[PDB]
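K.L.:
First, the structure itself, so that you have it in front of you.
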Amino acid sequence: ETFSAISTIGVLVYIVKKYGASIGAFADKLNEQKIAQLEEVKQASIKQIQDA
Amino acid sequence: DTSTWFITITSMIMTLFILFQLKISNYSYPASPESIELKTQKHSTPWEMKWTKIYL
Amino acid sequence: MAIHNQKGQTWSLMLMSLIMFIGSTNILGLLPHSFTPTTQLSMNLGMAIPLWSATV
Amino acid sequence: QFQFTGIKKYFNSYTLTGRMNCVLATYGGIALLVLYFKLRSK
Amino acid sequence: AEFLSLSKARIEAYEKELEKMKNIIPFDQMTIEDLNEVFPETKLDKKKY
Amino acid sequence: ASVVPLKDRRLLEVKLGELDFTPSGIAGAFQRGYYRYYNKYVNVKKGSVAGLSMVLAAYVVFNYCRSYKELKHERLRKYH
């Protein structure tokens, strides 16, 4: 009695469809965070070198 | 089924909450990082006034 | 985090470990022949009472 | 082991109220006894 | 004499402040501790949000 | 035997999906992991299916062994 073996493996195939959009989200995730780190390395140099 | 007698699993659940407090404790947080964003500016800002009083 | 907003925010770093364990151990068992520990009533009476009486 | 000093600052903070498994332990011991009692009288 | 040298140390400390900022990252995927100089960390219960 | 099973997960994890060693997982061995199903689980690029769906395929066939004694059902022959 495991024809419900396929249907719990069939539904996990439909999520591979949206997983190709999860990649974009994954790629997008931390882009802000890495950029979130690019703002501090850019602000600290330019605010000081003119002050000197 | 209606199982019985209970001497099992519950001693093997609190060993698990030594694992999950080990992994999740090392989590980078965007908010925490944000809170380290202004700590570098205003020390150098009054340091500009440290030479403004050292001259004037 | 948003509701509490106190110095009871120290407790909240544990409550996200509690959501990943029974978030996972309820999602693993949908597989063909796997076994869920939150099926048995034993450990859930050890998840309620050491947490509920930690509040009063 | 070093599964302690990473989280040792956390423990004596909240195990003052969180490490009260005595109630849990007491309940467990009683539960084992009743099951044995009913199987003793079958 | 003093104001050209008190600005010179303020030029010298600002010349050291940027060169330490080049020390922190050798690559985008560089390090989890070398990025822990500029962006801060603290003791228990500092970051409220 | 502890350094034997610990060097199974560490070696396998790096090889299967992601870690000059971090970008080695950026291309990934997912192209190596791909060919087993047919083609269809293609979304493994940044949400990696073949990295995860091998452990869960191992945990099923490991639990098929314990159940085998109970649900015998087999005649003096082979299947349909």
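Every chain in the structure tokens has a letter given in the order shown (A, B, ...), and although residue numbers restart at 1 in each chain, ligands are simply numbered from 1 in the order shown.
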Given only C-alpha atoms, how would the per-residue table for chain C near chain A read, listing every residue at most 9 Å away with its closest atom pair and distance in Å to one decimal, sorted by chain and number, as CSV?
P.N.:
```
residue,atom,partner,partner_atom,distance
C:30,CA,A:8,CA,7.1
C:31,CA,A:8,CA,6.8
C:32,CA,A:5,CA,5.2
C:33,CA,A:5,CA,8.7
```
K.L.:
Could you dump the residues just selected with C-alpha atoms as an mmCIF file, in the first residue's frame?
P.N.:
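Wrote it out as result-v7.cif, contents follow:
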```cif
data_model
loop_
_atom_site.group_PDB
_atom_site.id
_atom_site.type_symbol
_atom_site.label_atom_id
_atom_site.label_comp_id
_atom_site.auth_asym_id
_atom_site.auth_seq_id
_atom_site.Cartn_x
_atom_site.Cartn_y
_atom_site.Cartn_z
ATOM 1 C CA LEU C 30 5.811 12.762 4.614
ATOM 2 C CA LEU C 31 8.359 10.523 2.844
ATOM 3 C CA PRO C 32 7.457 6.849 1.982
ATOM 4 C CA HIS C 33 8.570 4.951 5.098
#
```
K.L.:
According to DSSP computed on the backbone, where in region 27-60 of chain F is there helix (DSSP H, G or I)? Give the residues as an NGL selection string.
P.N.:
:F and (27 or 30-36 or 49-52 or 55-60)
K.L.:
Store the residues picked out above in a file with C-alpha atoms, as a PDB file, in the first residue's frame.
P.N.:
```pdb
ATOM      1  CA  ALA F  27      29.913  26.164 -10.339  1.00  0.00           C
ATOM      2  CA  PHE F  30      25.343  19.714  -9.192  1.00  0.00           C
ATOM      3  CA  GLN F  31      26.104  19.060 -12.862  1.00  0.00           C
ATOM      4  CA  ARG F  32      27.646  15.833 -11.605  1.00  0.00           C
ATOM      5  CA  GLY F  33      24.660  15.164  -9.372  1.00  0.00           C
ATOM      6  CA  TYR F  34      22.161  15.888 -12.107  1.00  0.00           C
ATOM      7  CA  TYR F  35      22.079  12.834 -14.303  1.00  0.00           C
ATOM      8  CA  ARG F  36      20.437  10.420 -11.890  1.00  0.00           C
ATOM      9  CA  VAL F  49      17.730  19.793  -4.979  1.00  0.00           C
ATOM     10  CA  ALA F  50      20.317  17.096  -5.685  1.00  0.00           C
ATOM     11  CA  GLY F  51      22.318  18.254  -2.692  1.00  0.00           C
ATOM     12  CA  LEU F  52      19.404  17.640  -0.359  1.00  0.00           C
ATOM     13  CA  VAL F  55      19.982  12.280   2.028  1.00  0.00           C
ATOM     14  CA  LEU F  56      16.188  12.034   2.051  1.00  0.00           C
ATOM     15  CA  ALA F  57      16.409   9.265  -0.526  1.00  0.00           C
ATOM     16  CA  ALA F  58      18.893   7.530   1.761  1.00  0.00           C
ATOM     17  CA  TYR F  59      16.681   7.900   4.837  1.00  0.00           C
ATOM     18  CA  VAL F  60      13.771   6.233   3.040  1.00  0.00           C
TER      19      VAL F  60
END
```
K.L.:
Figure out the distance between CA of residue 44 (chain F) and CA of residue 28 (chain E), please, to one decimal in Å.
P.N.:
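Atom-to-atom, CA of residue 28 (chain E) and CA of residue 44 (chain F) are spaced 23.0 Å apart.
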K.L.:
Return as a compact mmCIF listing (two decimals) with N, CA, C and O atoms, in the first residue's frame the residues belonging to chain E that are within 9 Å of chain A, counting only C-alpha atoms.
P.N.:
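Done, and the output landed in iface.txt:
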```
# COMPACT_ATOMS: atom_id res chain seq x y z
N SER E 7 47.54 69.01 12.33
CA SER E 7 46.78 68.59 11.16
C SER E 7 47.51 67.47 10.43
O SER E 7 46.90 66.72 9.65
N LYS E 8 48.82 67.35 10.66
CA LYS E 8 49.60 66.32 9.97
C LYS E 8 49.34 64.95 10.58
O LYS E 8 49.30 63.94 9.86
N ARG E 10 46.48 64.30 12.04
CA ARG E 10 45.13 64.09 11.54
C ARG E 10 45.13 63.70 10.07
O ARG E 10 44.16 63.11 9.58
N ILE E 11 46.21 64.03 9.35
CA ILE E 11 46.42 63.49 8.01
C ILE E 11 47.05 62.11 8.10
O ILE E 11 46.81 61.25 7.25
N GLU E 12 47.89 61.88 9.12
CA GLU E 12 48.57 60.60 9.25
C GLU E 12 47.64 59.52 9.78
O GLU E 12 47.72 58.36 9.37
N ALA E 13 46.75 59.88 10.72
CA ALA E 13 45.78 58.91 11.21
C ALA E 13 44.72 58.62 10.17
O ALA E 13 44.17 57.51 10.11
N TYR E 14 44.41 59.60 9.32
CA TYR E 14 43.49 59.37 8.22
C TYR E 14 44.16 58.59 7.09
O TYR E 14 43.48 57.95 6.28
N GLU E 15 45.49 58.64 7.02
CA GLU E 15 46.21 57.80 6.07
C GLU E 15 46.32 56.37 6.57
O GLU E 15 46.50 55.44 5.79
N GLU E 17 43.79 55.12 8.52
CA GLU E 17 42.41 54.66 8.64
C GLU E 17 41.91 54.04 7.34
O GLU E 17 41.06 53.14 7.36
N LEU E 18 42.42 54.51 6.20
CA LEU E 18 42.01 53.94 4.92
C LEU E 18 42.82 52.70 4.57
O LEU E 18 42.32 51.78 3.93
N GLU E 19 44.09 52.67 4.99
CA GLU E 19 44.95 51.53 4.67
C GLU E 19 44.57 50.31 5.50
O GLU E 19 44.85 49.17 5.10
N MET E 21 41.40 49.80 6.02
CA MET E 21 40.17 49.41 5.34
C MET E 21 40.47 48.56 4.11
O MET E 21 39.60 47.82 3.63
N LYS E 22 41.69 48.67 3.57
CA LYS E 22 42.10 47.79 2.48
C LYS E 22 42.60 46.46 3.02
O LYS E 22 42.72 45.48 2.28
N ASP E 28 35.55 39.30 -2.39
CA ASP E 28 34.15 39.50 -2.03
C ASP E 28 33.74 38.46 -0.99
O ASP E 28 33.03 38.77 -0.03
N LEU E 35 35.95 41.23 8.19
CA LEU E 35 34.83 42.16 8.08
C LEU E 35 34.28 42.51 9.45
O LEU E 35 33.34 43.30 9.57
N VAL E 38 35.26 46.86 10.87
CA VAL E 38 34.50 48.07 10.59
C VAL E 38 33.09 47.95 11.14
O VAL E 38 32.70 48.70 12.04
N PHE E 39 32.31 47.03 10.60
CA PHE E 39 31.00 46.71 11.14
C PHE E 39 31.15 46.06 12.50
O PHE E 39 31.99 45.17 12.70
```
K.L.:
Could the residues of chain C that have an atom at most 7 Å from chain B be listed as JSON lines, each with its closest atom pair and the distance in Å to one decimal, counting only C-alpha atoms and ordered by chain and ascending residue number?
P.N.:
```
{"residue": "C:17", "atom": "CA", "partner": "B:20", "partner_atom": "CA", "distance": 6.1}
{"residue": "C:42", "atom": "CA", "partner": "B:6", "partner_atom": "CA", "distance": 5.8}
{"residue": "C:43", "atom": "CA", "partner": "B:10", "partner_atom": "CA", "distance": 4.8}
{"residue": "C:46", "atom": "CA", "partner": "B:10", "partner_atom": "CA", "distance": 6.4}
```
K.L.:
Once you have the residues from the selection above, write them out as a PDB file, in the first residue's frame, restricted to N, CA, C and O atoms.
P.N.:
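Here's the written file result.pdb:
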```
ATOM      1  N   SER C  17      14.602  28.292  17.712  1.00  0.00           N
ATOM      2  CA  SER C  17      15.120  26.939  17.609  1.00  0.00           C
ATOM      3  C   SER C  17      13.995  25.948  17.785  1.00  0.00           C
ATOM      4  O   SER C  17      14.032  24.837  17.250  1.00  0.00           O
ATOM      5  N   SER C  42       4.710  11.206  24.044  1.00  0.00           N
ATOM      6  CA  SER C  42       5.613  11.248  25.185  1.00  0.00           C
ATOM      7  C   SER C  42       6.409  12.538  25.219  1.00  0.00           C
ATOM      8  O   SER C  42       6.448  13.218  26.245  1.00  0.00           O
ATOM      9  N   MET C  43       7.073  12.878  24.119  1.00  0.00           N
ATOM     10  CA  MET C  43       7.983  14.014  24.158  1.00  0.00           C
ATOM     11  C   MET C  43       7.230  15.330  24.160  1.00  0.00           C
ATOM     12  O   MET C  43       7.753  16.342  24.633  1.00  0.00           O
ATOM     13  N   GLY C  46       6.837  16.586  27.281  1.00  0.00           N
ATOM     14  CA  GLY C  46       8.078  17.152  27.764  1.00  0.00           C
ATOM     15  C   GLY C  46       8.488  18.384  26.982  1.00  0.00           C
ATOM     16  O   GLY C  46       9.538  18.971  27.239  1.00  0.00           O
TER      17      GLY C  46
END
```
K.L.:
For chain E, list the residues within 10 Å of chain C, counting only C-alpha atoms, and write the list as number ranges by chain.
P.N.:
E: 44-45, 48-49
K.L.:
Counting only C-alpha atoms, a student should be able to say which residues of chain B come within 9 Å of chain E; what is the right answer, written as an MDAnalysis selection string?
P.N.:
chainID B and resid 31:40 44 47:48 50:52 54:56
K.L.:
Would you give me, as a PyMOL selection string, the residues of chain D that come within 12 Å of chain E, using only C-alpha atoms?
P.N.:
chain D and resi 7+9-10+13
K.L.:
Residues of chain F within 10 Å of chain A, counting only C-alpha atoms, what are they? List them as a VMD selection string.
P.N.:
chain F and resid 40 to 49
K.L.:
Restricting the calculation to only C-alpha atoms, which member of D:16, D:39, D:32, D:22 is positioned closest to chain B?
P.N.:
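Ranked by minimum distance to chain B, first place goes to D:32.
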K.L.:
Could the residues of chain D within 7 Å of chain C, counting only C-alpha atoms, be given as a ChimeraX atom specification, please?
P.N.:
/D:17-18,20-21,24
K.L.:
Within 8 Å of chain B, which residues of chain D show up? Give each one with its shortest atom-to-atom distance in Å (one decimal) and the two atoms involved, counting only C-alpha atoms, rows by chain then rising residue number, as a Markdown table.
P.N.:
```
| residue | atom | partner | partner_atom | distance |
| --- | --- | --- | --- | --- |
| D:3 | CA | B:22 | CA | 7.7 |
| D:7 | CA | B:22 | CA | 7.8 |
| D:28 | CA | B:6 | CA | 7.5 |
| D:31 | CA | B:5 | CA | 7.0 |
| D:32 | CA | B:5 | CA | 5.5 |
| D:35 | CA | B:5 | CA | 5.8 |
| D:36 | CA | B:5 | CA | 8.0 |
```
K.L.:
Would you tabulate, counting only C-alpha atoms, all residues of chain F that have an atom at most 10 Å from an atom of chain E, showing the closest pair of atoms and their distance in Å to one decimal, sorted by chain then ascending number, as a tab-separated table?
P.N.:
```
residue	atom	partner	partner_atom	distance
F:20	CA	E:29	CA	9.3
F:22	CA	E:29	CA	7.7
F:23	CA	E:29	CA	8.6
```
K.L.:
Residues as selected, N, CA and C atoms, written as an mmCIF file, in the first residue's frame, can you do that?
P.N.:
```
data_model
loop_
_atom_site.group_PDB
_atom_site.id
_atom_site.type_symbol
_atom_site.label_atom_id
_atom_site.label_comp_id
_atom_site.auth_asym_id
_atom_site.auth_seq_id
_atom_site.Cartn_x
_atom_site.Cartn_y
_atom_site.Cartn_z
ATOM 1 N N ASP F 20 38.791 30.136 -2.549
ATOM 2 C CA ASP F 20 39.190 29.407 -3.743
ATOM 3 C C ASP F 20 38.459 28.076 -3.703
ATOM 4 N N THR F 22 35.207 28.168 -1.795
ATOM 5 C CA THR F 22 33.816 28.596 -1.837
ATOM 6 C C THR F 22 33.316 28.730 -3.260
ATOM 7 N N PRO F 23 34.065 29.328 -4.184
ATOM 8 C CA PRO F 23 33.566 29.404 -5.561
ATOM 9 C C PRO F 23 33.638 28.079 -6.289
#
```
K.L.:
To one decimal place in Å, what is the distance between CA of residue 28 (chain F) and CA of residue 16 (chain F)?
P.N.:
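Interatomic distance here is 7.6 Å.
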K.L.:
Quick one, how far is CA of residue 24 (chain C) from CA of residue 44 (chain C)?
P.N.:
15.1 Å
